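Here's the structure we're looking at; comments come further down.
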Amino acid sequence: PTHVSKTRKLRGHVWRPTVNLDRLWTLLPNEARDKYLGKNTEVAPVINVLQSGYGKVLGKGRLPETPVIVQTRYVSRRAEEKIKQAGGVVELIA
Amino acid sequence: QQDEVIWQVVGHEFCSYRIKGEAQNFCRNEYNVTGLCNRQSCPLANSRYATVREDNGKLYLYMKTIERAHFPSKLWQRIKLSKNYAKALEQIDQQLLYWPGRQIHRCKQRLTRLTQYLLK
Amino acid sequence: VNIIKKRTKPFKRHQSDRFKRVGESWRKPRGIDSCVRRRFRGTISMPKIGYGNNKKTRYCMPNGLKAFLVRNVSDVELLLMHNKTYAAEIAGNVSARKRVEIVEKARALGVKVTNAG
Amino acid sequence: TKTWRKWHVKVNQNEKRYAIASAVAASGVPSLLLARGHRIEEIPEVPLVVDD
Amino acid sequence: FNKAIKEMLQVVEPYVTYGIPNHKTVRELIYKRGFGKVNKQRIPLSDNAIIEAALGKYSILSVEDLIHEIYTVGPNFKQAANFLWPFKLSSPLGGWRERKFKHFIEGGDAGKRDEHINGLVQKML
Amino acid sequence: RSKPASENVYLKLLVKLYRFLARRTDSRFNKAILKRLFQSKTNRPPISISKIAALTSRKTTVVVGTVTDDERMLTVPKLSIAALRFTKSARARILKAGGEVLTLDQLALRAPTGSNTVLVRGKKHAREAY
RNA sequence: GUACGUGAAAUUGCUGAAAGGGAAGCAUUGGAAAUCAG
RNA sequence: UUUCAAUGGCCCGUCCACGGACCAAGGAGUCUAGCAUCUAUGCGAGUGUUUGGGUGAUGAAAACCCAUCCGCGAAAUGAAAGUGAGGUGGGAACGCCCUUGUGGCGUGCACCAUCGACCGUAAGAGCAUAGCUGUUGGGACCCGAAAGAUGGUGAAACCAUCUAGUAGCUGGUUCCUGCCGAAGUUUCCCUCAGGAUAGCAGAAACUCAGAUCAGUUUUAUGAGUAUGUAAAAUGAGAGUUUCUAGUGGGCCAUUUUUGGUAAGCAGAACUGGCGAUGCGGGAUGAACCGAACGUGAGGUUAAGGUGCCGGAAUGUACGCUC
RNA sequence: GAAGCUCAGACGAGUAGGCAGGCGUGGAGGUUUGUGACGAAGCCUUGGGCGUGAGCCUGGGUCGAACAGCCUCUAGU
RNA sequence: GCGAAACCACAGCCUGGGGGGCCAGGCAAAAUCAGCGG
């Protein structure tokens, strides 16, 4: 815009990405949330955090109490026990 | 969507009926009653209106409604007046009594100068 | 309401008289000792907003009508509402055939034409 | 004048689609059609659909 | 006119002439030049409703009550005189003494001239 | 600011509606809303659905600005919100899981004087480097 | 009319009008003459 | 329009000096990359299609659609292994009263605080685009300096390139009106030039309807007619945190003042006004006397004046002088 | 024309700088059922009108083929 | 008969006061030729 300029009005004057437990349940499809969360079923979900872009899970947030299996390359010391009272286990990738 | 959002499009600056002059602006639309870019005048802007025009030594009034406002072919309803001047004033104002009467003055004014044009 | 113009004579640029290269059009001086900019005695007068004319009588000819420029007859039909306050002015390039159409139409509509001749 | 001026301008694809939806919707308001300049005082109805 | 105004008018002694107004001078000034600071505006006292709408709390209703509160210097002198926009007077009819900027006692026209303000304000209206 | 800096024609309708309410009622709600419609985008930061849920359980909720969504929280309470805009995720969560969403023109129809409405705001920090 | 579309200004010649005693130019206000409008 | 009369009017730009014989055309803050702020638009824990692929028969270099990736954000901290997250006060708005109201009563967003904790977290706010402005780099607003380098042509000079070489500097820099409007100086840091913080000028976001301020003076003093201090008169709505310009010259006159002498002086501290300012008077005038300026009408003044030039008493009264 | 209308009061110097609103220039998209050999654009004029202003419109003359108002885009303005 | 160029803000009378332009005075008649100061 050379019409609105100031010269116009001057003419004439001189690799470990992080995820947390609060976000953990969102990585799973919205459909299976409605059939694994809040329902007592023998089969537990699998949340392969690796296959979404993270290598480590951190301990932020609270946990819904459904036992859940989480696949991670890495896990915080205070992340893994938080899922223990949640009933799930960390499964470590080779 | 409705009369005010259409107003801020057709009315305010760009239309195919606007004439901006030395310090003000007119409204070329035939169905206008003042010739000015005003809400109480612009039909593109507003719902039902009434205004008069001249044809070959004769006058005609145009009217519109709201249920029909989406069907432009028969949107305007015309009535032909070819009897007399003072009769035309009464034929117009009588049909707009159930109608808000703020613009009866403008309507009655228009017939007079249309009649004056026929004389002159 | 009548007309009063706060000033009739135009504004001429300083030294416009002295030089042909200096136009007869107003440019505000920028010198820091310019007697014209410092508004000395007997110097030319700089335009101010104080000279502005009355709002109710602005853009009005000495007969109280605002000049509306007319190109064809469909423009004169617009002045139908405002014959008592606007004067129709014919555009300067309208041919002789159209010009008489406009003047005759304006005469029928009772709209004054500034340059009917 | 150089040839490596900025000739083309990036626009978010979403506001491109907002613009089309807005302009399509405005294509279905008879009043907006008249100001745009279309002599459709005798068009049967808006939007004017025709047989296949 | 109190003790805190004695020195008020000594520091600007050469710039002001001040004196004691009689009844007539106080009367004419408000009647002919009476503008009340209303809503931060200089509205003339065209009628008593303007004063009441502004000074109703202080039991001041009409101009004369306002004149009375001024002349007698009542309990509400501060609010009334603060409500009075500084009177804008005209350069006196007939002019001043030649050397206007000397002290009045010395043949000038500055400073305390006592009652003679009542002989001057007539020229200034 | 006497008018918003946006050429949004729909915003000028909200201001026009809420310029009428500002001068024609004693509702201090209306004056507050009208002033906040004038403020820029930087001064109308987003509020979250969760934060609203916390603030209601800590009445129609009114926030000028946007109401985003919080994916961290799962089961949304019943809420009645009225905001300038809603993100698609937030609107689905409020509507499907419980209550309903409103708008400032509807909210004026509901509570022209703002009776029984809570006027929340979002953390005005942006980046805040130091 | 080939010194060729339009043909500005500086610049010059004539014609008409006007003023000019060691400046002119300009400004405000009016007269005189010229001219225009409503 | 032209001329005439009355009053007025130093030649413009630039920094005395330099430029200007006259005219027409040309002629200077541009494009672009990065960054920063602000406003708008789209979306929102996301966001960005335009490297590509698809597709487009009618302008197919456009529009339209999209796969995997990737950028920024979604978590920090340590140098690194590694590890890796409240209640009190006010307070915006609402409800509530007693019966208005006041006030009380709840409710408390933002934010501010105190007073608390968790490893910065504490219920994420960004991403893209366009615009404005600032700044840095590119020829970098336009013009302009003495050398040099390469490769040549003559007999060190010459020629075309590098080359739009180098600027701390010189000169110029193009339309109008309106609003607001300074500093012209302390502070420090500082090898060097400067850098500063502050003040003056603004723009946005938030408190009390205040006894909150004041180039003011009082009240009370205490001490030495003065001095400072704290605590009624008068006026005014007073505030604050955040950033962004411009400025840090000098001249004139007063106060003391110590050092001075044919006599000037010499030196500070201090105060103003001019510096950005026309106007009346002083015959003429940078600082003197008046007065701060929209465009006009009438009235009336200031300083200065009333013999004539010259608007206004060849006024009144009492005196001195050849 | 809610960007409007209406009542009221105060204020008007202004360099550095700060701030808003407008006038003109070449091209682009849209629009005006726009102007034109019955004379476009230009140019001239002791012709007129408008605006505080940049500027605009017009009468007459000259002239011969294209031009403009409005909303917006762009700059070798 | 042929026929330049430098140069050119505008010009050109002196005394006194602040220089040729300002203030107060003295004066003030065209057009020109020749020698020649500043």
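Reconstructed Cβ throughout: ideal geometry from the backbone, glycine too, with neighbour counts over all protein chains shown. Bear in mind that the values in this text are calculations on the coordinates, not laboratory data.
Quick rundown of the values:
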item	result
Sites F:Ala54 and B:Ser47 - FRET efficiency at Förster radius 51 Å, r taken between beta-carbons, to 0.05	0.65
Stokes-Einstein D for chain C, Kirkwood Rh over Cα pairs, 10 °C, 1.306 mPa s (µm²/s)	91 µm²/s
Packing-based exposure ordering (other Cβ within 10 Å, fewest first) of E:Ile20, E:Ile50	E:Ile20, E:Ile50
Residues of type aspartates and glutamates that E:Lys6 reaches as a straight line, Cα spacing below 19 Å, ignoring anything fewer than 8 places off in the same chain	E:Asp109, E:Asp114, E:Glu115
Fewest-first sequence of B:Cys27, B:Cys107 by Cβ atoms within 10 Å of each Cβ	B:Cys107, B:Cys27
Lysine pair count for chain A [Cα-Cα under 17 Å; pairs on different chains or 8 or more apart]	4
Those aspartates and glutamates that a straight Cα-Cα span of less than 18 Å connects to F:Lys59, excepting residues fewer than 8 apart in one chain	F:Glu100, F:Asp105
Base-10 log of normalised Debye intensity for the stretch F:73-130 (one unit scatterer per alpha-carbon) at q = 0.19, 0.29, 0.31 Å⁻¹	-0.81, -1.22, -1.27
Förster radius 35 Å - calculated FRET efficiency between F:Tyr130 and A:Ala94, Cβ distance, rounded to 0.05	0.20
Shielding by other protein chains, B:6-19, mean Cβ within 10 Å	4
Relative exposure of C:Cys60, B:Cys15, B:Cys42, judged by other C-beta atoms within 10 Å (fewest first)	C:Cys60, B:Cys15, B:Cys42
Average Cα contact separation per residue, the stretch B:3-119, under 8 Å, 6 or more apart, as relative contact order %	19 percent
Mean residue ellipticity (222 nm) of the protein assembly as shown, computed from DSSP H runs ≥ 4 via -39,500 (n - 2.57), nearest 500	-8000 deg cm²/dmol
Stokes-Einstein D (µm²/s) once Rh is taken as the Kirkwood radius of chain E over alpha-carbon pairs, at 37 °C in 0.692 mPa s	208 µm²/s
Mean Cα-pair separation over length for chain C, i.e. relative contact order, pairs under 8 Å, 6 or more apart, %	19 percent
Per-residue ³J(HN,Hα) for the stretch F:28-42, Karplus 6.51 cos²θ - 1.76 cosθ + 1.60, θ = phi - 60°, Hz, x for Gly and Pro	4, 4, 5, 5, 5, 5, 4, 4, 6, 6, 7, 5, 6, 6, 5
Projected label distance in nm at D:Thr1 and E:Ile20, using a 7 Å step from Cα toward the beta-carbon	8.9 nm
Share antiparallel - DSSP beta bridges, the protein assembly as shown, percent rounded to 5	35 percent
Out-of-range pairs (alpha-carbon distance over 26 Å; input B:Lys58/C:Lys112; D:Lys10/F:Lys41; E:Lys37/E:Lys112; C:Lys28/C:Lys56; C:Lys5/C:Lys48)	E:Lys37/E:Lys112; C:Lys28/C:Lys56
A:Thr26/B:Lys83 FRET efficiency (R0 60 Å; Cβ-Cβ; nearest 0.05)	0.15
Hull volume in cubic angstrom per residue (convex hull over the Cα atoms of chain A)	225 Å³
Within chain E: Cβ-based charge dipole about Cα centre, in debye rounded to nearest 20 (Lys, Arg +1; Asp, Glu -1)	360 debye
Cα-based radius of gyration of the protein assembly as shown once divided by 2.2 N^0.38 Å, which approximates compact folds	1.51
Cα-derived Rg to Rh of chain F, Kirkwood definition	0.97
Using alpha carbons only: equivalent-ellipsoid semi-axes of the stretch B:1-114, gyration tensor based, whole Å	24, 17, 13
